[PDB]
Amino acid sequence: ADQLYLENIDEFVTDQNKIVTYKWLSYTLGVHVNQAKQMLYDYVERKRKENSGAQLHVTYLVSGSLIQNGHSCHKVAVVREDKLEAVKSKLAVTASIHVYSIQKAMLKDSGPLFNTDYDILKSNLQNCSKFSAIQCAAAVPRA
């Protein structure tokens, strides 16, 4: 069971040197977009307790309310591991936090995080909402 998806991810990051985004893993292992995120989470903790200094880099998605001038603006951002604390603080009320990606080598910009997700999409273009947390009665090919 579990010990399985763990190796899978290791083989991906460490051995294959691939950038692992929840979406990418979602489609790759064929798992609910959320459970994919939870998967990355568990994987880092292990590898983190395990080595306590394994060459591993994480990025998170932080989303929440951020008031500027009495006017409340919702912010959605993919941040680098360190900065998470900072961003999380600047928010008035925080709504979402979860792993976004896992890479052996640090990333210059969030750029590749797109490319990765973009490619895996073009190949699954067939069924985008397959692992989404939202299903729409109407979104059925008819018109």
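For every residue, the number given is its place in the sequence shown, counted from 1.
> Between 92-100 and 65-73, point out the one with the higher average CA B-factor as the PDB entry records it.
Mean CA B-factor is higher for 65-73.
> If you average the Cα B factors in the entry, which is higher, 130-138 or 117-125?
Averaging CA B-factors over each stretch, the winner is 117-125.
> Say you rank 39, 29, 56, 79 by Cα B-factor from the PDB entry; which sits at the top?
In the PDB entry, the greatest C-alpha B-factor among 39, 29, 56, 79 is found at 56.
> What third of its chain's C-alpha B-factors does residue 110 belong to: lowest, middle or highest?
Middle third by C-alpha B-factor.
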